[PDB]
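Take a look at the structure below.
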Amino acid sequence: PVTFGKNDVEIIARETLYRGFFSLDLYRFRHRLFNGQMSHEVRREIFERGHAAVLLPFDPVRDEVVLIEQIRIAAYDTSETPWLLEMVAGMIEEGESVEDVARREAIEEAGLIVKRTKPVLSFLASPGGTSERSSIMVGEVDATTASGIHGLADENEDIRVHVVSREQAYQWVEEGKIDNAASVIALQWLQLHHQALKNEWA
Amino acid sequence: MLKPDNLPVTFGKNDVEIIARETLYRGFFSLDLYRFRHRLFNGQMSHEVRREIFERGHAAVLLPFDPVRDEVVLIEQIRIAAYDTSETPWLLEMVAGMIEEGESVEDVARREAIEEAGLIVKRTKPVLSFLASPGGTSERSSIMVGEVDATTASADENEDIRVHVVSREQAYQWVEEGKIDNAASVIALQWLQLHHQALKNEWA
Ligand SMILES: [Gd+3]
Ligand SMILES: [Gd+3]
């Protein structure tokens, strides 16, 4: 399929336009046109904010899924509410594995202890404006042991756990009641592979 | 009075308030800074919270699908941002384009289908709209499946965009193996692998 590779691109230079907690970078480069020639200097503004580790909490026996609720203001302007139904996830720091970063966040965010995890898919949220990459992973868990609201909240990441059936969470995806990238993919992947997974596990 | 809309979530837009939006940087793509407060699940009010948001505009995505031949039309194209975490910045994607004032999702989809793939979309169908990374971007992409005729595959941006026609099954397998890892394509192709027989019957 794809022809060209990293030797077909010459990155002239990069710059940081802004730098707070997250940075916005500038990539200047030239590449192979599909007709064989190189292109002029091309410019692209790239949002650089690290890579993500995701984790789909799935209870094989009960055939349920554990969802995480929280606010995401970014969603405000194009959704009925900034509060979203999500998967477990954290930003991958220094030299951490996605597996660990994912199991570590399953305790913190949903108070669950993942037992047996399996990789799903690794995607780019939007190659057109951000270098961010997400690795999903499916994780076996007992829905029954989820935690609840925190009396003394984490205003940074204030979370409310939601436990629903596998089949339902999926309809919410099809219904548009679950529209963040990580969730839709993971849940879509589950709908296509659940029967095989319930048998492999349990 | 009129009853409140339903929410599969606990709080609505009325439970948070956006104090302001300072601006960190501005290009054709801006980086804004939201300052806001909101209810916590413990029933209390949060102190002021600041968050950097990549304002990137919103897109229109189209999945070129040939029911009768059961093929899909892909677009190959470079996306520098994948350089650092991919073996190649050249990705296989769907027909997409930015939606701007006075334009409907279906319009951009139909327009971009001709200038990127040189295909003429017949019947279209709303599949699903998703948020890329609500934790740092406001971006939103709406998807549609476009009834196409793979033989008609062509194309304007040809030196900047190469079109590939493959069968549904081969495309999906490339998502499974990771040869297709961009959100728009992954979400689209999975949806299709779950509905094709019904879509083929519908457009039959
Ligand atoms: Gd955390
Ligand atoms: Gd265009």
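Those protein sequence lines, which keep their order, are chains B and A. Counting in the entry's author numbering, the first sequence runs from 8 upward without gaps. Those letters in the second sequence? Residues 1 to 154, 160 to 209, by the entry's author numbering. Built from N, CA and C at the ideal position, the CB exists for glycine as well.
List the DSSP bridge partners of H58/B.
-> For the purposes of this step, residue 58/B is taken as residue 51 along the first sequence, with counting starting at 1. DSSP, once it has assigned bridges, lists no residue as partnering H58/B.
If you measure from the CB of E116/B, is any heavy atom of ligand 2 nearer than 7 Å?
-> Here residue 116/B refers to the residue found at position 109 when the first sequence is read from its first residue. Outside the cutoff, so no.
So what does DSSP say about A117/A, is it helix, strand or coil?
-> As a first step, residue 117/A must be located in the second sequence, where it is residue number 117. Reduced to three states, the DSSP call for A117/A is coil.
Sorted by chain position, which residues of the same chain lie with C-beta nearer than 6 Å to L194/A's C-beta, five sequence neighbours on each side aside?
-> Within the second sequence, numbered from 1, the residue matching residue 194/A stands at position 189. The beta carbon of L194/A sits closer than 6 Å to those of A176, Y177, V180, all from its chain and outside the five residues before and after it, given in chain order.
Answer yes or no: do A109/A and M144/A have a C-beta to C-beta separation smaller than 8 Å?
-> Here residue 109/A refers to the residue found at position 109 when the second sequence is read from its first residue. Here residue 144/A refers to the residue found at position 144 when the second sequence is read from its first residue. Going by C-beta atoms, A109/A is nearer than 8 Å to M144/A.
Among all the DSSP beta bridges, which residues are the ones paired with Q77/A?
-> In the second sequence, residue 77/A corresponds to position 77, counting from 1. Under DSSP, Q77/A shares a beta bridge with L91/A.
Contacts that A82/B makes with chain A (C-beta to C-beta distance below 8 Å) = In the first sequence, the residue the question calls residue 82/B occupies position 75. Residues of chain A with a Cβ closer than 8 Å to the Cβ of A82/B are, in chain order, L131, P134, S138.
Straight-line gap, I80/B to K13/A (C-alpha atoms, nearest Å) | The sequence position of residue 80/B within the first sequence is 73, counting from 1. The sequence position of residue 13/A within the second sequence is 13, counting from 1. Computed Cα separation, rounded: 10 Å.
Locate the beta strand (DSSP E) running through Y34/A, then write down its first and last residues.
-> Within the second sequence, the letter at position 34 stands for residue 34/A. Following the DSSP letters along the chain, one finds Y34/A inside the beta strand (DSSP E) bounded by residues 30–38.
Are at least three pairs of beta-carbons, each pair with one atom in the region 165–173 of chain B and one in the region 71–91 of chain B, less than 8 Å apart?
-> They touch, by the three-pair rule.
Are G43/A and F29/B close, meaning C-beta to C-beta below 8 Å?
-> Taking the second sequence and counting its residues from 1, one reaches residue 43/A at position 43. Taking the first sequence and counting its residues from 1, one reaches residue 29/B at position 22. Not in contact: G43/A and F29/B (Cβ atoms no closer than 8 Å).
Just the Cα atoms here: how many angstroms apart are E116/A and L40/A?
-> Working through the second sequence from its first residue, we reach residue 116/A at position 116. Working through the second sequence from its first residue, we reach residue 40/A at position 40. Distance between the alpha carbons of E116/A and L40/A is about 46 Å.
Could you tell me whether the Cβ atoms of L131/B and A20/A are closer together than 8 Å?
-> Translated into the one-based positions of the first sequence, residue 131/B becomes position 124. Translated into the one-based positions of the second sequence, residue 20/A becomes position 20. No, the Cβ-Cβ distance between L131/B and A20/A is not below 8 Å.
Exposed unless 16 or more other CB atoms sit within 10 angstroms - verdict on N187/A | As a first step, residue 187/A is located in the second sequence; it is residue number 182 there, counting from the start. Under a 10 Å Cβ-count criterion, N187/A is classified as buried, with 16 or more other Cβ atoms of the shown protein chains found around its own Cβ.
With a threshold of 7 Å, establish whether the CB of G97/B neighbours any heavy atom of ligand 1.
-> What you label residue 97/B is simply residue 90 of the first sequence in a count that begins at 1. Within the cutoff, so yes.
Is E112/B near ligand 1, judged by its Cβ being under 7 Å from some heavy atom?
-> For the purposes of this step, residue 112/B is taken as the residue at position 105 of the first sequence. Yes - ligand 1 has a heavy atom lying nearer than 7 Å to the Cβ of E112/B.
Within 7 Å: the Cβ of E147/A and any heavy atom of ligand 1?
-> What you label residue 147/A is simply residue 147 of the second sequence in a count that begins at 1. Checking every heavy atom of ligand 1 against the Cβ of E147/A, none is found closer than 7 Å.
In the DSSP assignment, what are the bridge partners of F130/B?
-> As a working mapping, residue 130/B is identified with position 123 in the first sequence. According to DSSP, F130/B bridges with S141/B.
Run the proximity test for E93/B: is its beta-carbon closer than 7 Å to any non-hydrogen atom belonging to ligand 1?
-> Your numbering for residue 93/B matches position 86 in the first sequence. Answer for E93/B: no, Cβ out of range of ligand 1.
From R173/B, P67/B, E22/B, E17/B, residue whose alpha carbon lies closest to that of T124/B = Indexing the first sequence from 1 puts residue 124/B at position 117. Nearest C-alpha to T124/B: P67/B.
At what residues does the alpha helix (DSSP H) containing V180/A begin and finish?
-> On the second sequence, position 175 is the one that residue 180/A refers to. From DSSP, the alpha helix (DSSP H) with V180/A extends over 173–182.
If you drop the 5 nearest sequence neighbours on each side, which residues of the same chain put their C-beta closer than 6 Å to that of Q198/A?
-> Reading the second sequence from its first residue, position 193 is the one you call residue 198/A. Closer than 6 Å at the Cβ level, and outside the excluded window around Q198/A, lie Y177.
Among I192/B, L92/B, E112/B, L91/B, the one whose alpha carbon lies nearest that of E100/B = For the purposes of this step, residue 100/B is identified with residue 93 of the first sequence, where counting begins at 1. Distances from the alpha-carbon of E100/B to those of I192/B, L92/B, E112/B, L91/B put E112/B closest.
When the cut-off is 8 Å and only beta carbons count, does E76/A lie next to chain B?
-> Taking the first residue of the second sequence as position 1, residue 76/A is located at position 76. Closer than 8 Å: yes.
Using a beta-carbon distance below 8 Å, is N206/B in contact with chain A?
-> If you number the first sequence from 1, residue 206/B lands on position 199. Not closer than 8 Å to any Cβ of chain A, the Cβ of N206/B fails to qualify, so no.
Endpoints, alpha helix (DSSP H) assigned at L199/B | Taking the first sequence and counting its residues from 1, the one referred to as residue 199/B is at position 192. First-last of the alpha helix (DSSP H) with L199/B: 188–207.
Would you mind working out which of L128/B, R69/B, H58/B sits nearest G102/B, comparing C-alpha positions?
-> The residue given as residue 102/B occupies position 95 in the first sequence. The shortest C-alpha separation from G102/B is found at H58/B.
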